[PDB]
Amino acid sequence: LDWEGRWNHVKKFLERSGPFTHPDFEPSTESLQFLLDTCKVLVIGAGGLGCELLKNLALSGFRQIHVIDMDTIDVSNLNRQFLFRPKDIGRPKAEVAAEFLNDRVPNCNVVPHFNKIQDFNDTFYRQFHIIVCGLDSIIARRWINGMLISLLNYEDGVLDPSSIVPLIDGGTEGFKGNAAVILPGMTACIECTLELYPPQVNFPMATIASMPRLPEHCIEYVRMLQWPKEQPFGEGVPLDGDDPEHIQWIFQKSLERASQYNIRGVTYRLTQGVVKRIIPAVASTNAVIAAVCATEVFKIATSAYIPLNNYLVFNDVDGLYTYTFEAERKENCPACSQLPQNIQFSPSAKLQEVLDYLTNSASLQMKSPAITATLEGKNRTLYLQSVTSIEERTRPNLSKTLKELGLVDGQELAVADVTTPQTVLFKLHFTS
């Protein structure tokens, strides 16, 4: 059926009570089979943390497991994403991953989803008990973070526990990593700690064109500027970071520029990283973070112990270091805090002003927002960047002001961004 001793290393934790147990815990023989048969876990991403996570959840008594990943197997994966072989290059990570696991671990039951997370909606995500991430971009984490907050159901002010889906997020970057255990509408959420992310180096176009200094400066130019100017692989044809002839071409024009400026260091390997915005990765780290992550998944699902409070950062460069703390849930959160935020603009402020606030803020960092409001009992699109037809007809009004475009007071605006799937609200305060 399922063999003698298979789940011993797990049983001990579900059958025997204990000191550091969790309050709602209950020693029992059935626990295991209940865990094996009904706990549905969703793993997001199958690329390092992904694979690592599947192995760890499977060998921990999890059967019903779903994986989502839009990527295709590339060779530069084989040094850390062990579930794929060179004979898989080209196939869906999601599929090969599930394929591999269901075969290595007997009755495992991984269901793959060759989809991007934004392809599904609440309906699909309510389906799961616990969700674990091993993504590779901030935007995604923010999107899946928002999704889970939509799931919450507030009993007129009061939040219902059963509508909460625990979200375990992990991240890696060289010899550093970090795990996070989130609980929508309770624990600090991804948005709550959005400022823990380091800054990204953004080369001012002025020093990219007018005065290069580093090889990173010569590459960025031949990519962000020279390429559009003189279409290398036909007109209109985009820059494919994964096509050797493209990179081998930029590597060229870059040596030209670098040489013209007496800049040493332009290697082919550097043209790689600068273009693909590459992050150094090893297996060791992913194994660590994914491991932590699974442990917490096991805890939440079984109450065998008390879940990590909020965070954990790891580091290998110098010996071994891991700091654990409990992040504060910002009380004014564009995402998990319930009451709409409060903007402060002088009635004279133009639209493009309320817009730059969103985009350029620190607690918001929205990508390409869209503002709308109830203009005539009905609600109109003040401005929206997503489309272009709804963009043209709206940009002009990007110059008008608060009251100069019916913007009434004692009212709130609606914000939509590629960041989160939910709509965030802002209550405008004319205090000029």
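The numbering used is simple: start at 1 and walk along the sequence shown.
170-178 versus 356-364 - greater average Cα B-factor per the deposited record: It is 356-364.
Give the stretch, out of 317-325 and 208-216, with the larger mean C-alpha temperature factor in the deposited entry. Mean C-alpha B-factor is greater for 208-216.
Among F233, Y125, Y305, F82, where is the Cα B factor highest in this entry? Of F233, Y125, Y305, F82, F233 has the highest C-alpha B-factor.
C-alpha B-factor winner, where the candidates are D69, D37, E391, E52: Comparing C-alpha B-factors across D69, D37, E391, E52, the top value belongs to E391.
CA B-factor placement of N262, once the chain's modelled residues are sorted into thirds: Middle third by C-alpha B-factor.
Splitting the chain's C-alpha B-factors into thirds, which one does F114 fall into? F114: CA B-factor falls in the lowest third of its chain.
Please say which third, lowest, middle or highest, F120 falls into when its CA temperature factor is compared across its chain. According to the entry, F120 has a C-alpha B-factor in the chain's lowest third.
With respect to C-alpha B-factor, does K253 fall in the lowest, middle or highest third of the chain as deposited? It falls in the top third of the chain.
CA B-factor ranking of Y221, expressed as a third of its chain: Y221: CA B-factor falls in the highest third of its chain.
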